[PDB]
Amino acid sequence: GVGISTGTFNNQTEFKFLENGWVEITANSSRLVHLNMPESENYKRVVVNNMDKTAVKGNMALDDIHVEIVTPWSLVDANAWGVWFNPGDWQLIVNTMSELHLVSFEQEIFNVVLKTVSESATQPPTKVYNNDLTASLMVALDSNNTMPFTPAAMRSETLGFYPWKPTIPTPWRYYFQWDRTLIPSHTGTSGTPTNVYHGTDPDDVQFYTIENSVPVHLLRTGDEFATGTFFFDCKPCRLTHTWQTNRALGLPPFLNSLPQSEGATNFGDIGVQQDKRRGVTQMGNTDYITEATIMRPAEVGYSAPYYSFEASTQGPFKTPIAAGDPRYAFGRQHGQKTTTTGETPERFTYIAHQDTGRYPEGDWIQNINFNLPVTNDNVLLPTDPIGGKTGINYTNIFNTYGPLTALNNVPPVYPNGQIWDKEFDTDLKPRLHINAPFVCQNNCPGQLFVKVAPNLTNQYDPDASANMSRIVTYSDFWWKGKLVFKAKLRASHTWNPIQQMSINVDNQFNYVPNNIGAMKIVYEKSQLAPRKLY
Amino acid sequence: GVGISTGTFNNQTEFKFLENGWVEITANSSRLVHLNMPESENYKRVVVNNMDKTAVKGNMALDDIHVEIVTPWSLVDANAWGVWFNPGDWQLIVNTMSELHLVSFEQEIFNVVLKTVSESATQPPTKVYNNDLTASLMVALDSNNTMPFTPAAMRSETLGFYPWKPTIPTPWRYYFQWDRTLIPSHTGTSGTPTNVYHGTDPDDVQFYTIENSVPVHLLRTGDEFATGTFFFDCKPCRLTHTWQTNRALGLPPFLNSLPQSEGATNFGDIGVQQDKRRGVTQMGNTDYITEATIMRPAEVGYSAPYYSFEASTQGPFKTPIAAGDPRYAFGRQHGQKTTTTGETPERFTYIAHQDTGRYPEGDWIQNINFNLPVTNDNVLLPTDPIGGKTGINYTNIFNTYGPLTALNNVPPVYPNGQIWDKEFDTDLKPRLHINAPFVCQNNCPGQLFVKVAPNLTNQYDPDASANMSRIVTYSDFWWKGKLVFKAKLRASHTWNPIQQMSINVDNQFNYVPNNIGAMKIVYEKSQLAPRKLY
Amino acid sequence: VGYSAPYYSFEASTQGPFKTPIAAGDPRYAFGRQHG
């Protein structure tokens, strides 16, 4: 079946309007993947140590020591908005829909090709490329999710973001258990602190192998491989933002005095002594009913320790937060001006709100007796130092998460954000994930692994440390996916128009190529349109 | 039926999504109309003369002389976008739809009320208002369009634009035939030019009366009046704009030399001698194939005489144009800051494009022999004077309308634009109307006329020039309409996002009221989204 | 309503000059005996 294609190229996205303001978005995405022979046909357990870095009292956060099992397989990840939608599409989705539902997903590998490089060592010397018509491309689709979940979006290693630009899969590797101790220290810290990699705990050792836990298919040119259709089990993602804070929840105080002429200084006036007002308060002490005192239903948002690093058996790690900022570093293949030189990533900090965010500088604590103006001794301000440290206040320690905490889930981040994420297999689970807006609880699509089957030479001896020598082979194959969403059309509820993504005299050139054909994909806001929270 | 309401107030707009990217927009609009007794119960033929103004050699365009028949009836006009949609709605329609179809229209008059004012001439003196429970409000709906078509949008005299602000109908009046001569003159013109109103031509006299050609209903409080549903016969209005001009129609010339490094000065190069190129030209003379010479299918847009005033039996009038600018003057009730003082209208010049527009300064004409660089004697430029006038060039006279003229229809102008317009009853008709995007050819909704029936006093004598004296009466009544459109949802066809109406840190306050409750409705662009013309 | 056109304009094509026709408002009818 050499002279016959086994698939079709399709990179169109279709919006099929169903019944009652609900539409069905079908994002088709296909690409040409380039894959090289494994640098090593073996599984390696590799340790990464960098104490020297962390050895510098004050450089703890720069800790990279970990252990990973390097597999001879590559992973074809497409989990990132940039892989399915282009700027124009994102505008549409983001501007006219009000919520998105992730529905199904399927992939296929067609028109497989395997070539061979001959080093025609003549003069220059030359180099030749030929077709190995009988060579095979190994494919494995871990449907039962046996293998560790390794989303490539976290290291900006997904498939390209341009339909017309060949891409490639990423070398697959996963974490291996290890013990490590690193004790905090600042510039002044005396003597060498404790910084040591202890090793591996036998009881947590898990050496995974694809061969052993997943059936492998060998695809020759004539062959093709197709995944079935997976249907997710995720909650709907919203494309609306709330803005209210406890200070804007409920019936505003009745103004007994209203302005009588336009004017920035023409304010209205409640017109009632702060301690002779009616209403509800949760302060059994005072008779003071103020906008900061009046009782609200619950609390929109919470406060958490900032730049807090906790430690467990593998080392320190930043205490994650649900507030509002992700920082995305990437490049060339996923945005970053294509013609850009050097090897410095491009990046952005997607800022998302005032929906649950906090201004620490505005926080403060007072003595139960109240008694204002409050005395310095009865107030702990975000200015008074903790532990004697000049740069540490109670807020860095503070946590106001509790039974009344209201909160929203992560918004979509085009085009660098991950789309769906697998849930933790713990008995109690995170009320949300910080990395993706969609989390398949029970079932998530299985990972797809590719690998160029070993093209041996006439000389091969299993019983020899040597290192099998094989014909230089590589494979190019097309990949095609289909991600289906279900979305609801938004409606206008206010008299005033609203936030909409548009092209300006300023963005204009972030959506077109240049005289050299350089390109780039700029990030974009996703939940632009207020929604009444209460 | 005095103590019982006869209608419901509804000012909601509903979008009902049907099948296949088509939605049904139902704009409901109801309002409280205030109506006063006729200043005169009679029909008057009134002449308006202002020669003194036009008598000033050079002030011809300021000619207002006309004759009109003043009727004792008021007209309830709702034909203007501002009456049916608010800013938020217009954004939705304009941003997500790709074409609009005017479908049906119906009105109703309910909860009629008639009051009487008593001048309690005590001290101040006082004033009293009472209910005339047996008084009637006269209503007439000219279904057969017997009466002259007088759209109130042309003089900014529609119903209000705010649901919560009582409005009023406009005194109805229509043109009466008259003869008038006014001869052009400029400041220097010598002797008094000819400026005279000749009178009326018996053969064109048409004195229209509602009583005589329309059935009138008398509505007392308990009564209510409802129009049936009219279905228009108009072409679809587009919500997309084209941008191509003959210079951008077709296969661009093949560049034999392309840039090799980014750079504003790194241009591509056709790479072929202008007279040794292949292609098609409509210039049988030259061998010059240039972007301004190469042959295009037809012509996008045309050129017409500018600030041309033509004259017919009623006087001078500006020669109308289909190009791209309307100027809208209005106020208070239809936009203009509500609290604004004085009596100076608010206004704007809706600029709409580069779709068919022309830059006269760029036009020029040359001798058939061609022969360039062209000699002054073989070129008439938009600079060389015509008729000796320093400020007149051939372009002011010029007209390039013909068999190849491509062209689009008027876009919607929110909120001051008229919605539909009646077609001329001439054997040959305008390929379009400059005042509205929708033109019912055969059938247009009939005009609705209101009038407070005469509340006579005990003293009334028909046979006396006097002037019937009647009890001071006035009526308030609610009006409610329903305009239905059918629209298609737009799709993304380019890789780049597109123009979208949005709220900025700049418009923000054009969509909210002030501390005094002042309000205003700012105009907005309608066909924002390119469409491939060819 | 109506338009303006060049008056007493004669154009020429392969058979000679001819008055540029108009849609405005006047026909002139010359006849005799048998038709009035």
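Values in this text are rule-based calculations from the coordinates and carry no lab data. Backbone-built Cβ (ideal geometry, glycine too); neighbour counts: all protein chains shown.
Each of B:515, B:192, B:382 was scored by the projection of its Cα onto the charge dipole of chain B, and the greatest displacement toward the positive side belongs to B:515; charges sit on the C-beta of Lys, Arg, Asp and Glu.
Which value, to two decimals, describes the C-alpha radius of gyration of the range B:28-104 once divided by 2.2 N^0.38 Å? Each step should come with its number before you reach the end.
Working: Rg = 20.7 Å, N = 77, 2.2 N^0.38 = 11.5 Å.
That ratio works out to 1.81.
Applying the criteria of a DSSP loop state and at most 13 other Cβ atoms within 10 Å to the GluC sites (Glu not before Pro) of the range B:259-320 yields B:262, B:291. Qualifying chymotrypsin sites (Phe, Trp or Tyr not before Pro) in the range B:148-197, where qualification requires a DSSP coil assignment and no more than 16 other C-beta atoms within 10 Å, comprise B:149, B:164. Note on residue A:520: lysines with a C-alpha under 19 Å away, same-chain residues under 8 apart excluded, are A:165, A:337.
In summary, the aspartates and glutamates within cross-link reach of residue A:488, defined as a Cα separation below 13 angstrom excluding same-chain residues under 8 places away, comprise A:19, A:24, A:99.
Report the charge-dipole magnitude of the protein assembly as shown in Debye, nearest 20, computed about the Cα centre from +1 at each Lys and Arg Cβ and -1 at each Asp and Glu Cβ. Mind showing how you got there, number by number?
Values: 85 positive and 102 negative charges, 134 e Å.
About 640 debye.
Taking the Cα centre of chain A as reference, the dipole from Cβ charges on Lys and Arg (+1) and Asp and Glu (-1) amounts to some 1040 debye. Here's the picture: charge each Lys and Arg Cβ at +1 and each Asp and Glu Cβ at -1 in chain B, and of B:22, B:339, B:143 the one pushed furthest to the positive end of that dipole is B:22.
If you place +1 on the Cβ of every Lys and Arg and -1 on the Cβ of every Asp and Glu, how big does the dipole about the Cα centre of the range A:460-534 come out, in debye to the nearest 20? List each step's numbers first, then the result.
On the way: 10 positive and 5 negative charges, 166 e Å.
It works out to roughly 800 debye.
Could you work out the Rg to Rh ratio of the range A:234-277, with Rh taken as the Kirkwood radius (inverse of the mean 1/r over all Cα pairs)?
Taking Rh as the inverse mean 1/r over Cα pairs, Rg/Rh reads 1.23.
Name the shape class, rounded, prolate or oblate, that the alpha-carbon gyration tensor gives for the range A:241-367, where a ≥ b ≥ c are the square roots of its eigenvalues, rounded holds for a/c under 1.5, and otherwise prolate holds if a/b is larger than b/c and oblate otherwise. Note, shape of the range A:241-367 comes out oblate. The C-alpha radius of gyration of the range B:418-534, expressed as a fraction of 2.2 N^0.38 Å, stands at 1.86. Of the residues A:206, A:261, A:452, the one whose Cα sits farthest toward the positive end of the charge dipole of chain A, with +1 on the Cβ of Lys and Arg and -1 on the Cβ of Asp and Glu, is A:261. Once both labels are positioned 7 Å from their Cα atoms along Cα-to-Cβ, the gap between residue B:257 and residue B:190 label points is 6.3 nm. Distant-in-sequence amide contacts of residue B:524, defined by a placed amide H-H separation under 5 Å and a gap of 5 or more residues or a different chain, comprise B:414. Across the range A:180-190, coupling constants 3J(HN,Hα) worked out from phi with the 6.51/-1.76/1.60 Karplus curve, θ = phi - 60°, read 7, 10, 9, 9, x, 6, 10, 2, x, 2, 9 Hz, and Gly and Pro carry x.
With a threshold of 31 Å on the Cα-Cα distance, the over-threshold entries among A:525/B:525; B:318/B:451; B:451/B:486 are B:318/B:451; B:451/B:486. Here the Karplus curve 6.51 cos²θ - 1.76 cosθ + 1.60, taken at θ = phi - 60°, turns the phi angles of the range B:222-234 into couplings of x, 7, 8, 10, 10, 8, x, 9, 9, 10, 6, 10, 10 Hz, with x standing for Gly and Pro. Estimated purely from DSSP H runs of n ≥ 4, each contributing -39500 (n - 2.57), the mean residue ellipticity at 222 nm for chain A is -1000 deg cm²/dmol once divided by its residues. Cβ distances below 4.7 Å define possible disulfide partners, and in chain A the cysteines left without one are A:234, A:237.
Distant-in-sequence amide contacts of residue A:238, defined by a placed amide H-H separation under 5 Å and a gap of 5 or more residues or a different chain, comprise A:100. Phi angles across the range A:212-218 convert, under the Karplus curve 6.51 cos²θ - 1.76 cosθ + 1.60 with θ = phi - 60°, into 3J(HN,Hα) values of 6, 10, 9, x, 10, 9, 10 Hz, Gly and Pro given as x.
Between the beta carbons of residue A:287 and residue A:308, assuming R0 = 30 Å, the FRET efficiency works out to 0.20 to the nearest 0.05.
Using DSSP to define loop residues, name the GluC sites (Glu not before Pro) in the range B:340-448 whose beta-carbon has at most 12 other beta-carbon atoms within 10 Å.
Numbers: sites: B:343, B:346, B:361, B:423; in loops: B:343, B:423.
Counting only loop positions with at most 12 other Cβ atoms within 10 Å, the GluC sites (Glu not before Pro) in the range B:340-448 are B:343.
Once backbone amide H atoms are built at 1.01 Å from N, residue B:22 has B:489 as its partners under 5 Å, excluding neighbours fewer than 5 places away on the same chain. Label positions at residue A:55 and residue B:206, each projected 7 Å from the Cα along the C-beta direction, are separated by 10.2 nm. Restricting the calculation to Cα atoms, chain A yields a radius of gyration followed by a Dmax of 28.8, 98 Å.
Can you bin the protein assembly as shown into rounded, prolate or oblate? Criterion: square roots of the alpha carbon gyration tensor eigenvalues sorted a ≥ b ≥ c, rounded for a/c under 1.5, prolate for a/b above b/c, oblate for the rest. Taking the square roots of the gyration eigenvalues as a ≥ b ≥ c, the protein assembly as shown is oblate.
Please find the FRET efficiency linking residue B:351 to residue B:280, where r is the Cβ-Cβ separation and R0 is fixed at 25 Å, and quote it to the nearest 0.05. Walk me through the intermediate numbers first.
Working: r = 35 Å, r/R0 = 1.40.
It comes to 0.10.
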